[PDB]
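Participant: Okay, here's the structure, questions in a sec.
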Amino acid sequence: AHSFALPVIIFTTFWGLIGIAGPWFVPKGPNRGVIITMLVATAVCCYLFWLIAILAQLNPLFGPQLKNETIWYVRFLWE
Amino acid sequence: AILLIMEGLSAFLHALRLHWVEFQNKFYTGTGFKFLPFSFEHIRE
Amino acid sequence: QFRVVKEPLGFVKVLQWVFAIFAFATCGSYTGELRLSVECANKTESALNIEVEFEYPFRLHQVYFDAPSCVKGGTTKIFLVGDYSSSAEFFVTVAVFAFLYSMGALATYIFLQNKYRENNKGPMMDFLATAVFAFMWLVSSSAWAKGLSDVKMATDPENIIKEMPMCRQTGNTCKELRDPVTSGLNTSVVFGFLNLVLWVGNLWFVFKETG
Amino acid sequence: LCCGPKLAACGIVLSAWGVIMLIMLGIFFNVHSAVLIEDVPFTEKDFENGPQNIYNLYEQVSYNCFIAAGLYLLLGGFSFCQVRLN
Amino acid sequence: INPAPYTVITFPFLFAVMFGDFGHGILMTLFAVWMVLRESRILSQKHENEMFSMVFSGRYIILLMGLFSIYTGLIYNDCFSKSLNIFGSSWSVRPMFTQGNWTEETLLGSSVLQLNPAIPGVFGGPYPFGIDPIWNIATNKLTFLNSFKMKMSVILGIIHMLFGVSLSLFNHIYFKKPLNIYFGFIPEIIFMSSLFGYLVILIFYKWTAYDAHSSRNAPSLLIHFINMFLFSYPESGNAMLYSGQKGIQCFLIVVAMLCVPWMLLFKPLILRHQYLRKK
Amino acid sequence: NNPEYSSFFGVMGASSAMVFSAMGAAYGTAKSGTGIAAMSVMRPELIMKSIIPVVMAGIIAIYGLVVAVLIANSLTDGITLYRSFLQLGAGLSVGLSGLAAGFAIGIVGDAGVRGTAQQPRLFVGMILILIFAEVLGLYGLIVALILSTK
Amino acid sequence: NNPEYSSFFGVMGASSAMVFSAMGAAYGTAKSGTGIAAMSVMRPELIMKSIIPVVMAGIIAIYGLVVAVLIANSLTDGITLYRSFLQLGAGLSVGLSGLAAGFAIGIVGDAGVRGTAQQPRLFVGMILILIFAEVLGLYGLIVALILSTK
Amino acid sequence: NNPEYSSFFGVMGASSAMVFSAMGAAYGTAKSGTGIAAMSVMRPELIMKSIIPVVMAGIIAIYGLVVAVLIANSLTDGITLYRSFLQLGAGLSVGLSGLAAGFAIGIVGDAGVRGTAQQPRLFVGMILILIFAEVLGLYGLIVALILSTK
Amino acid sequence: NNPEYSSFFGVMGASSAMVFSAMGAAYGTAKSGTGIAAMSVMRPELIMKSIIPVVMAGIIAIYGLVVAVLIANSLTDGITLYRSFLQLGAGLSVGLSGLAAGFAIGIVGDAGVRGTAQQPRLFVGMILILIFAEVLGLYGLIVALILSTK
């Protein structure tokens with residue numbers, strides 16, 4: 001088993017840190033606007049689908065099934 | 001020769017269509033005149 | 001030149017290399033065995049000899065024995081609990097890569113003295129690598145200590161006696177015969193701690209060497 | 001000259017990528033012992049005694065990657081030799 | 001509004017999610033970088049292959065596209081039809097399942113499979129490393145992945161549409177046209193926000209609210225949505241997703257209806273009013 | 001003790017779905033090939049642009065592929081005999097909807113063929129009307145998969 | 001207790017609905033595509049404004065989906081055995097009415113887009129007539145919804 | 001437990017599988033051969049290039065055979081009631097897929113052969129279309145094999 | 001045991017095997033048989049080269065022979081109704097493969113003989129396409145051979 005808080009917290013912190021800090025440290029070049037927009041948009045949409053993916057698995061409604069042989073093998077492989 | 005070209009191209013063109021109708025049509029007017037610039041850069045041509 | 005060998009730098013580096021190689025060489029192949037026995041009301045069904053083998057990386061979740069169920073001459077599978085291979089694999093792979101780095105530094109001191117004193121570029125990167133190595137060794141040592149404490153918790157015979165349901169029933173007095181030995185693990189973590197302290201001292205020495 | 005690069009570059013790329021992924025697969029067959037999540041197939045019909053002979057099979061099947069990688073490396077060497085013919 | 005700075009990003013990611021493969025992305029980036037290395041060579045090089053010309057003319061697309069494709073394959077844990085074993089699987093062990101009133105059905109399992117009912121009491125929970133590899137083996141993985149992928153695709157589409165339509169506001173303000181705002185943009189945002197954000201919050205609420213214990217009598221979002229759209233509300237036989245939602249749903253219906261007249265006849269009417277003012 | 005002859009309300013459903021996909025796609029390529037042969041004699045700069053309908057000749061095969069292998073995987077020894085009728089439905093549904101779409105795609109391919117002979121600008125409208133076609137196939141995929149999961 | 005063959009009729013009804021609607025939309029888009037290509041070759045102007053009959057074809061597309069979702073809702077495993085035929089008839093009726101609007105819109109739009117070739121003022125009257133075929137499709141849908149309720 | 005003589009279904013399956021593939025192959029060959037037979041006089045240097053579509057028809061014929069021999073290997077009267085009609089469905093599937101492939105390949109060969117007869121460069125696009133026809137055949141094989149082994 | 005008059009299906013399989021080869025080979029020796037005569041007036045020196053399709057149609061008929069005589073040889077009173085189905089499928093398969101081959105041979109041969117009548121150098125490529133036709137016929141034969149020995 002695993003705790004659901006810590007992945008969400010670390011990913012919130014990391015992606016927010018990127019999306020917020022990035023635009024303020026880039027140099028004032030001819031292409032500052034485009035790099036700022038691409039970084040901001042990567043951060044938002046990227047953390048967004050990852051959020052979707054992770055909170056999909058949360059709270060399963062039905063468990064998977066395994067074959068008998070696959071079962072007997074994982075009985076001795078791990079956990 | 002199958003996955004990396006055929007399926008890749010299909011998905012690529014699908015995304016292109018996606019941003020040609022479902023993204024572009026919302027705001028982008030579609031009416032305009034491309035600027036032709038003059039230069040003697042065509043002497044390389 | 002022999003002045004480099006007589007210099008405390010190479011002497012300390014070789015000493016740390018020897019301690020580290022001995023340390024993870026003994027760490028990566030530790031073995032042991034613990035014994036017990038179960039007896040029920042029917043003495044024809046009692047098993048007086050129950051041997052369980054444990055070996056590195058101490059996947060207690062994987063280690064097993066099939067002890068008798070003591071109902072109608074049956075048997076059941078009792079599996080130990082605890083995952084220690086995480087911190088253990090971390091520590092040994094850390095030690096192996098650190099040992100590769102140690103022989104690289106020793107080779108630089110032996111054959112590439114000229115490139116080492118060249119512009120004083122090599123020493124600074126070597127020192128920074130040593131500092132990162134010291135911090136991550138401290139992390140690995142703390143994890144290894146916590147994990148071996150957890151293993152010592154998991155070696156309690158009373159626990160493994162308790163989980164197996166039929167010991168809870170009448171007439172089922174399971175006794176541990178030979179307890180596991182954890183002295184080798186204590187010695188190995190002691191060697192790791194000495195490795196840490198020695199590399200901190202060598203870190204200070206290399207720092208003043210840079211100047 | 002003979003067997004120019006224009007038709008041996010393909011052999012070079014194929015050999016390199018093949019050695020890469022077979023060494024990865026052999027590593028996942030001998031160290032992971034080809035965990036079933038990564039490799040369902042197995043050649044036994046009677047395993048009711050224990051998992052030990054299945055482990056022996058895992059080393060047996062991981063042994064099949066060494067010949068693979070080695071002679072792809074031979075093929076890559078020969079392809080480089082063909083390329084050097086200029 | 002030049003749409004280059006937005007396509008330059010969102011086109012990559014949408015190809016990448018439509019191309020959720022790890023090693024294939026790796027190979028695509030390998031080829032892309034191979035072209036990158038020999039840029040100055042090919043620039044001073046004459047060829048006739050015109051598909052090749054259109055592709056090295058657009059290499060800046062494909063390299064970044066392939067990077068995001070690799071990253072998406074990392075999401076799906078599908079590197080050539082396989083998943084990397086982080087060994088975070090937390091679903092089954094021996095004493096637990098035997099403790100669930102079970103033993104040695106694998107003797108009969110030589111011919112059968114025996115799916116385990118959920119809620120063992122100790123297993124489940126999140127898998128931070130993406131999709132749990134255990135699904136790759138289960139032959140009922142189709143239901144899981146179908147529901148998953150369908151829902152995330154619908155939501156991604158909603159998000160992209162709702163974001164992209166907002167640039168008409170930039171158009172309307174830059175050209176001092178609030179006439180396109182009054183009888184235009186505003187009801188547009190109204191109907192879309194309602195009709196799709198409602199579904200988004202519905203799925204989020206369902207995922208956060210109900211567990212497998214309450215699986216019995218658990219409604220579906222499909223039935224709720226079609227009931228709302230059809231004006232049909234049974235008096236019983238189907239429990240609400242939450243209390244009082246009937247009022248909110250009918251308010252949403254009438255509000256969505258109320259946006260249509262704003263787009264039809266008010267703008268011609270005000271234009272005619274001004275025109276008759278000039279006359 | 002399920003009824004005999006049960007799994008074949010799945011087998012034939014899968015087969016039929018891909019059958020009609022195979023018809024539709026092949027007709028799409030039919031008309032596309034005739035059209036491109038017509039165009040490219042006189043307008044070579046439009047060749048790779050006219051290859052575009054060809055890639056959508058294949059999506060009819062992709063949709064039927066998806067439905068077919070979904071039915072294949074969902075097929076079992078014994079069925080509950082409520083999912084297999086859904087499989088028959090969905091198979092015929094998507095397959096014949098896609099065949100109709102394939103007819104439309106081939107002929108509108110001919111339309112844009114005859115269109116762009118004089119004016120290359122019509123390329124955009126060609127592609128637009130072309131998008132209007134495959135939406136039907138995707139719609140068929142929608143309902144087919146709703147049935148395959150019902 | 002119920003017959004083993006309950007959901008045949010329902011799933012076939014959904015299939016018939018969507019598939020005849022797909023046929024209708026395909027044929028409407030057929031004639032629209034040919035006519036638009038020709039008229040657009042003649043003069044560029046109405047290439048973008050002649051998409052509206054194709055929009056009505058897309059409306060014929062949404063129709064079959066509406067009714068198919070209704071059937072999917074009211075479908076179950078052990079149907080009462082007197083709702084499944086209602087689903088059949090509903091699907092058939094709506095789908096073929098979509099077909100009716102399909103060829104009506106198609107041929108009418110082709111005639112209009114060709115007749116506008118020298119007469120820009122026919123464009124509005126043809127739009128009125130094409131709006132009338134939507135009334136036919138909507139007429140059909142009415143029947144479809146009434147069947148959906150029961 | 002198994003109804004007797006389910007193997008008849010597999011027999012007819014293998015038959016149909018090679019049947020429709022052979023039909024498609026003959027259809028492609030007739031058209032391609034007649035097409036070259038005229039124009040090899042005026043462009044004899046394309047005689048070498050003309051082999052590319054006919055071997056594609058040969059691949060279709062190969063596919064017919066491979067499915068036939070697979071079903072032959074899996075044929076037996078001792079079928080569990082759940083594996084012979086699988087051979088039937090897969091055989092019908094792949095056979096008529098080969099038929100559609102032959103249709104498209106023959107007609108596209110006719111169009112593209114005169115296309116290259118006018119202008120040599122059109123060959124590449126023609127080959128692109130041939131590739132696509134083969135991709136269709138490959139999908140047919142994919143689903144056919146899935147049903148064959150399951 | 002052997003059920004009553006179990007031989008029937010094989011009794012018809014031999015007939016189908018020979019008679020559908022009679023359709024294919026007859027068409028093959030018809031088409032080239034007339035086209036060669038039409039050509040012969042202008043230039044007789046290529047007549048024996050142009051005869052090649054006719055004998056090959058005869059070879060299709062020979063394929064029919066081999067299957068038919070195999071069926072008749074295995075034909076007996078004690079038939080298990082398994083081999084009877086095998087023989088029926090084999091005969092139908094080889095016969096209709098011969099039919100497809102005969103059609104392709106006939107049309108390609110007429111086109112080829114007139115094409116070579118116009119220009120001598122195309123003869124070998126004509127024979128290449130003709131060889132392909134026999135490759136298809138051979139696949140038909142081998143499928144029937146598999147069934148006759150199963």
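Just so we're on the same page: first chain in the structure tokens is A, next is B, and so on; residues restart at 1 for each chain, and ligands are numbered from 1 in the order they show up.
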Would you list which chain E residues are within 6 Å of chain A using only C-alpha atoms, as number ranges by chain?
Facilitator: E: 5, 90, 109, 113, 115, 118, 125-126, 138, 211-212
Participant: Within 10 Å of residue 73 of chain A, counting only C-alpha atoms, which residues show up once you throw out same-chain ones fewer than 6 positions away? Write them as number ranges by chain, please.
Facilitator: A: 67; D: 35-36, 51, 54
Participant: Would you save the residues of that selection, restricted to N, CA and C atoms, as an mmCIF file, in the first residue's frame?
Facilitator:
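Contents of selection.cif, as written:
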data_model
loop_
_atom_site.group_PDB
_atom_site.id
_atom_site.type_symbol
_atom_site.label_atom_id
_atom_site.label_comp_id
_atom_site.auth_asym_id
_atom_site.auth_seq_id
_atom_site.Cartn_x
_atom_site.Cartn_y
_atom_site.Cartn_z
ATOM 1 N N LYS A 67 -4.748 -14.969 -13.810
ATOM 2 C CA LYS A 67 -4.835 -16.387 -14.121
ATOM 3 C C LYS A 67 -4.334 -17.186 -12.924
ATOM 4 N N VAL D 35 10.354 -11.841 -14.501
ATOM 5 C CA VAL D 35 9.091 -11.730 -13.784
ATOM 6 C C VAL D 35 7.951 -11.805 -14.790
ATOM 7 N N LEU D 36 6.835 -12.416 -14.383
ATOM 8 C CA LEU D 36 5.782 -12.728 -15.346
ATOM 9 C C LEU D 36 5.098 -11.475 -15.875
ATOM 10 N N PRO D 51 9.123 -23.713 -7.052
ATOM 11 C CA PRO D 51 9.527 -22.706 -8.037
ATOM 12 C C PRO D 51 10.993 -22.755 -8.442
ATOM 13 N N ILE D 54 11.720 -23.516 -12.161
ATOM 14 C CA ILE D 54 11.307 -22.378 -12.972
ATOM 15 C C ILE D 54 12.391 -21.307 -12.943
#
Participant: What parts of chain B does DSSP call helix (DSSP H, G or I)? I'd like the answer as a list in words.
Facilitator: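 Put together, the selection reads residues 3, 4, 5, 6, 7, 8, 9, 10, 11, 12, 13, 14, 15, 16, 17, 18, 19, 20, 21, 22, 23, 24, 25, 26, 27, 40, 41, 42 and 43 of chain B.
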Participant: Show me, as a PyMOL selection string, every residue of chain D with an atom at most 12 Å from chain E, counting only C-alpha atoms.
Facilitator: chain D and resi 13-14+17+21+24-25+28+32+34-41+45-46+48
Participant: Which residues of chain H have any atom within 10 Å of an atom in chain B when counting only C-alpha atoms, and what is the closest pair of atoms for each, with the distance in Å to one decimal? Order the rows by chain and rising number and write it as a Markdown table.
Facilitator:
| residue | atom | partner | partner_atom | distance |
| --- | --- | --- | --- | --- |
| H:131 | CA | B:6 | CA | 9.8 |
| H:132 | CA | B:6 | CA | 8.9 |
| H:135 | CA | B:2 | CA | 8.4 |
Participant: Only C-alpha atoms, please: the residues just picked out, written as a compact mmCIF listing (two decimals), in the first residue's frame.
Facilitator:
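Generated file (result-v4.txt):
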# COMPACT_ATOMS: atom_id res chain seq x y z
CA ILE H 131 1.40 0.12 -49.55
CA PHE H 132 -1.96 1.15 -48.12
CA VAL H 135 -1.84 -2.39 -44.82
Participant: Could you list the residues in chain F lying within 8 Å of chain H, using only C-alpha atoms, and format the result as a ChimeraX atom specification?
Facilitator: /F:4-5,7-8,11-12,15-16,18-19,22-23,25-27,29-30,33-34,37-38,40-41,47-48,51,54,58,61,65,68-69,72,77
Participant: For the selection you just gave me, I'd like the residues written to a file as a CSV table (one decimal), in the first residue's frame, keeping N, CA and C atoms.
Facilitator:
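Output file out_14.csv follows:
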chain,number,residue,atom,x,y,z
F,4,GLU,N,-25.7,-24.2,-26.2
F,4,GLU,CA,-24.7,-24.5,-27.2
F,4,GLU,C,-24.8,-23.4,-28.3
F,5,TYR,N,-23.7,-23.4,-29.1
F,5,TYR,CA,-23.5,-22.4,-30.2
F,5,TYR,C,-23.6,-20.9,-29.7
F,7,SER,N,-20.8,-18.7,-28.5
F,7,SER,CA,-19.7,-17.8,-28.6
F,7,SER,C,-19.7,-17.1,-30.0
F,8,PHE,N,-20.7,-17.5,-30.9
F,8,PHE,CA,-20.5,-17.2,-32.3
F,8,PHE,C,-21.3,-15.9,-32.6
F,11,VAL,N,-18.1,-14.2,-32.5
F,11,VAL,CA,-17.2,-14.5,-33.6
F,11,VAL,C,-17.7,-13.8,-34.8
F,12,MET,N,-18.9,-14.0,-35.2
F,12,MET,CA,-19.4,-13.5,-36.4
F,12,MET,C,-19.6,-12.0,-36.3
F,15,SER,N,-16.2,-10.6,-37.0
F,15,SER,CA,-15.9,-10.8,-38.4
F,15,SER,C,-16.6,-9.8,-39.3
F,16,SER,N,-17.9,-9.6,-39.1
F,16,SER,CA,-18.8,-8.7,-39.9
F,16,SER,C,-18.3,-7.3,-39.7
F,18,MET,N,-15.3,-6.0,-39.1
F,18,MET,CA,-14.2,-5.7,-39.9
F,18,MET,C,-14.5,-6.0,-41.4
F,19,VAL,N,-15.5,-6.8,-41.7
F,19,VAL,CA,-15.8,-7.1,-43.1
F,19,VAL,C,-16.2,-5.8,-43.8
F,22,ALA,N,-13.5,-3.4,-44.2
F,22,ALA,CA,-12.6,-3.7,-45.3
F,22,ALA,C,-13.2,-3.3,-46.6
F,23,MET,N,-14.5,-3.5,-46.8
F,23,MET,CA,-15.2,-3.0,-48.0
F,23,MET,C,-15.0,-1.4,-48.1
F,25,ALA,N,-13.1,0.9,-46.7
F,25,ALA,CA,-11.7,1.4,-46.9
F,25,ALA,C,-11.3,1.2,-48.3
F,26,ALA,N,-11.5,0.0,-48.8
F,26,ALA,CA,-11.0,-0.4,-50.1
F,26,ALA,C,-11.7,0.5,-51.2
F,27,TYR,N,-12.9,0.8,-51.0
F,27,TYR,CA,-13.6,1.7,-51.9
F,27,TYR,C,-13.0,3.1,-51.8
F,29,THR,N,-9.9,3.9,-51.1
F,29,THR,CA,-8.7,3.8,-51.9
F,29,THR,C,-9.0,3.8,-53.4
F,30,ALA,N,-10.0,3.0,-53.8
F,30,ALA,CA,-10.4,3.0,-55.2
F,30,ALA,C,-10.5,4.4,-55.8
F,33,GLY,N,-7.4,6.6,-55.6
F,33,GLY,CA,-6.3,6.3,-56.6
F,33,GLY,C,-6.7,6.8,-58.0
F,34,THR,N,-8.0,6.6,-58.4
F,34,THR,CA,-8.4,7.2,-59.7
F,34,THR,C,-8.2,8.7,-59.7
F,37,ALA,N,-4.5,9.8,-59.8
F,37,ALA,CA,-4.0,9.6,-61.2
F,37,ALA,C,-4.5,10.7,-62.1
F,38,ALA,N,-5.7,11.1,-62.0
F,38,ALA,CA,-6.3,12.2,-62.8
F,38,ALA,C,-5.5,13.5,-62.5
F,40,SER,N,-2.5,14.2,-60.9
F,40,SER,CA,-1.1,14.5,-60.9
F,40,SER,C,-0.5,14.5,-62.3
F,41,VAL,N,-1.2,14.2,-63.3
F,41,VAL,CA,-0.7,14.3,-64.7
F,41,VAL,C,-0.5,15.8,-65.0
F,47,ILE,N,0.6,16.5,-55.5
F,47,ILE,CA,0.6,15.1,-55.3
F,47,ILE,C,0.5,14.7,-53.8
F,48,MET,N,1.5,15.1,-53.1
F,48,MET,CA,1.5,14.8,-51.7
F,48,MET,C,0.4,15.4,-50.9
F,51,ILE,N,-2.4,13.0,-51.4
F,51,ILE,CA,-2.2,11.8,-50.6
F,51,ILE,C,-3.0,11.8,-49.3
F,54,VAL,N,-5.9,9.6,-48.7
F,54,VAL,CA,-5.5,8.2,-48.7
F,54,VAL,C,-5.3,7.8,-47.2
F,58,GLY,N,-7.6,4.7,-44.5
F,58,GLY,CA,-7.2,3.7,-43.6
F,58,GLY,C,-7.9,3.7,-42.3
F,61,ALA,N,-10.4,1.2,-41.6
F,61,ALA,CA,-9.8,-0.1,-41.2
F,61,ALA,C,-9.4,0.0,-39.7
F,65,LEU,N,-10.8,-2.3,-36.8
F,65,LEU,CA,-9.8,-3.0,-36.1
F,65,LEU,C,-10.0,-3.0,-34.6
F,68,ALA,N,-13.2,-4.9,-33.6
F,68,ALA,CA,-13.0,-6.3,-33.9
F,68,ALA,C,-12.1,-7.0,-32.8
F,69,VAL,N,-11.0,-6.3,-32.4
F,69,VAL,CA,-10.2,-7.0,-31.4
F,69,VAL,C,-10.8,-6.8,-30.0
F,72,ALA,N,-12.9,-9.6,-29.9
F,72,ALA,CA,-12.1,-10.8,-29.8
F,72,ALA,C,-11.7,-11.1,-28.4
F,77,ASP,N,-15.2,-18.7,-23.5
F,77,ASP,CA,-15.7,-20.1,-23.7
F,77,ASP,C,-17.3,-20.0,-23.6
Participant: Name all residues at most 12 Å from residue 19 of chain B (count only C-alpha atoms; drop same-chain ones fewer than 2 positions away) and give them as a list in words.
Facilitator: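 Counting only the stated atoms, we get residues 12, 13, 14, 15, 16, 17, 21, 22, 23, 24, 25, 26, 27 and 28 of chain B; 3, 4, 6, 7, 8, 9, 10, 11, 12, 14, 15, 157, 160, 161 and 164 of chain E.
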Participant: Print the selection's residues with N, CA and C atoms to a file, as a short mmCIF file (atom, residue, chain, number, x, y, z; two decimals), in the first residue's frame.
Facilitator:
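So the final result, stored in part_35.cif, reads:
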data_model
loop_
_atom_site.label_atom_id
_atom_site.label_comp_id
_atom_site.auth_asym_id
_atom_site.auth_seq_id
_atom_site.Cartn_x
_atom_site.Cartn_y
_atom_site.Cartn_z
N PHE B 12 -0.45 12.04 -36.54
CA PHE B 12 0.03 13.38 -36.82
C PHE B 12 -1.01 14.18 -37.59
N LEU B 13 -1.54 13.60 -38.65
CA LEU B 13 -2.52 14.30 -39.47
C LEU B 13 -3.81 14.49 -38.70
N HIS B 14 -4.15 13.55 -37.82
CA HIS B 14 -5.33 13.72 -36.99
C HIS B 14 -5.19 14.92 -36.08
N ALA B 15 -4.03 15.05 -35.44
CA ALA B 15 -3.80 16.21 -34.59
C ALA B 15 -3.85 17.49 -35.41
N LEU B 16 -3.25 17.47 -36.61
CA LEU B 16 -3.30 18.64 -37.47
C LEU B 16 -4.74 19.05 -37.75
N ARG B 17 -5.57 18.08 -38.13
CA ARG B 17 -6.98 18.36 -38.35
C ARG B 17 -7.64 18.87 -37.08
N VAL B 21 -9.63 22.55 -37.17
CA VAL B 21 -11.07 22.79 -37.08
C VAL B 21 -11.48 23.12 -35.66
N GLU B 22 -11.01 22.33 -34.70
CA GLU B 22 -11.56 22.37 -33.36
C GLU B 22 -10.87 23.42 -32.51
N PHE B 23 -9.65 23.79 -32.89
CA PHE B 23 -8.94 24.88 -32.24
C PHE B 23 -8.99 26.16 -33.08
N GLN B 24 -8.74 26.03 -34.38
CA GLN B 24 -8.61 27.21 -35.23
C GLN B 24 -9.94 27.93 -35.41
N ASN B 25 -11.01 27.17 -35.69
CA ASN B 25 -12.28 27.78 -36.08
C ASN B 25 -12.91 28.61 -34.97
N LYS B 26 -12.46 28.47 -33.72
CA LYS B 26 -13.15 29.14 -32.63
C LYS B 26 -12.91 30.65 -32.65
N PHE B 27 -11.68 31.07 -32.96
CA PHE B 27 -11.31 32.48 -32.85
C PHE B 27 -10.73 33.01 -34.16
N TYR B 28 -9.94 32.19 -34.84
CA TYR B 28 -9.16 32.61 -36.00
C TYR B 28 -10.13 32.88 -37.15
N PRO E 3 -1.54 32.34 -33.60
CA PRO E 3 -1.70 31.10 -32.83
C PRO E 3 -0.48 30.21 -32.80
N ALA E 4 0.66 30.68 -33.31
CA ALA E 4 1.89 29.88 -33.24
C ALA E 4 2.29 29.51 -31.82
N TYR E 6 0.76 28.78 -29.28
CA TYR E 6 -0.11 27.80 -28.64
C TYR E 6 -0.10 26.46 -29.35
N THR E 7 -0.12 26.46 -30.69
CA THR E 7 0.00 25.21 -31.42
C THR E 7 1.36 24.58 -31.16
N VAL E 8 2.41 25.40 -31.11
CA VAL E 8 3.80 24.97 -30.92
C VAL E 8 3.93 24.03 -29.73
N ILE E 9 3.03 24.16 -28.77
CA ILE E 9 3.00 23.31 -27.59
C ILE E 9 1.89 22.27 -27.67
N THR E 10 0.64 22.70 -27.84
CA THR E 10 -0.46 21.79 -27.62
C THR E 10 -0.53 20.73 -28.71
N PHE E 11 -0.02 21.03 -29.90
CA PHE E 11 0.02 20.02 -30.95
C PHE E 11 0.96 18.88 -30.59
N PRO E 12 2.18 19.13 -30.12
CA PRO E 12 3.00 18.07 -29.51
C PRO E 12 2.27 17.19 -28.52
N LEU E 14 -0.83 16.67 -27.83
CA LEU E 14 -1.98 15.91 -28.31
C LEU E 14 -1.54 14.78 -29.21
N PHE E 15 -0.49 14.99 -30.01
CA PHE E 15 0.09 13.84 -30.69
C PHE E 15 0.62 12.83 -29.68
N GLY E 157 -10.27 17.03 -24.12
CA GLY E 157 -10.93 17.75 -25.19
C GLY E 157 -11.72 18.94 -24.68
N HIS E 160 -9.25 21.71 -23.76
CA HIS E 160 -8.68 22.37 -24.92
C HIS E 160 -9.69 23.28 -25.59
N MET E 161 -10.92 22.81 -25.77
CA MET E 161 -11.95 23.65 -26.38
C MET E 161 -12.18 24.91 -25.56
N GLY E 164 -9.22 27.29 -25.86
CA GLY E 164 -9.02 27.87 -27.17
C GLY E 164 -10.06 28.90 -27.54
#
Participant: Quick one: residues within 7 Å of segment 249-259 of chain E, only C-alpha atoms counted, chain neighbours fewer than 2 positions away excluded, as a list in words?
Facilitator: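 Skipping anything fewer than 2 positions along the chain leaves residues 187, 191, 194, 228, 245, 246, 247, 261 and 262 of chain E.
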Participant: Write the residues of the preceding selection, restricted to N, CA and C atoms, as a PDB file, in the first residue's frame.
Facilitator:
ATOM      1  N   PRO E 187     -22.927  34.705 -23.788  1.00  0.00           N
ATOM      2  CA  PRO E 187     -23.730  33.473 -23.744  1.00  0.00           C
ATOM      3  C   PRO E 187     -22.977  32.245 -24.221  1.00  0.00           C
ATOM      4  N   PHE E 191     -23.018  28.773 -21.999  1.00  0.00           N
ATOM      5  CA  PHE E 191     -23.530  27.438 -22.295  1.00  0.00           C
ATOM      6  C   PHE E 191     -22.405  26.420 -22.188  1.00  0.00           C
ATOM      7  N   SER E 194     -21.445  25.733 -18.416  1.00  0.00           N
ATOM      8  CA  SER E 194     -22.447  24.843 -17.844  1.00  0.00           C
ATOM      9  C   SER E 194     -22.297  23.429 -18.397  1.00  0.00           C
ATOM     10  N   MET E 228     -30.863  14.262 -17.453  1.00  0.00           N
ATOM     11  CA  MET E 228     -30.903  15.718 -17.467  1.00  0.00           C
ATOM     12  C   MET E 228     -31.269  16.236 -18.851  1.00  0.00           C
ATOM     13  N   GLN E 245     -29.802  17.723  -6.408  1.00  0.00           N
ATOM     14  CA  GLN E 245     -29.238  17.961  -7.729  1.00  0.00           C
ATOM     15  C   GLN E 245     -30.306  18.185  -8.790  1.00  0.00           C
ATOM     16  N   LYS E 246     -31.551  17.783  -8.534  1.00  0.00           N
ATOM     17  CA  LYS E 246     -32.612  18.006  -9.511  1.00  0.00           C
ATOM     18  C   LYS E 246     -32.818  19.494  -9.765  1.00  0.00           C
ATOM     19  N   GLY E 247     -32.822  20.296  -8.697  1.00  0.00           N
ATOM     20  CA  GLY E 247     -32.991  21.727  -8.861  1.00  0.00           C
ATOM     21  C   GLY E 247     -31.863  22.347  -9.658  1.00  0.00           C
ATOM     22  N   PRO E 261     -31.598  32.855 -27.158  1.00  0.00           N
ATOM     23  CA  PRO E 261     -32.182  34.094 -27.699  1.00  0.00           C
ATOM     24  C   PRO E 261     -31.205  35.253 -27.770  1.00  0.00           C
ATOM     25  N   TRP E 262     -30.217  35.309 -26.875  1.00  0.00           N
ATOM     26  CA  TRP E 262     -29.255  36.403 -26.907  1.00  0.00           C
ATOM     27  C   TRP E 262     -28.441  36.417 -28.191  1.00  0.00           C
TER      28      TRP E 262
END
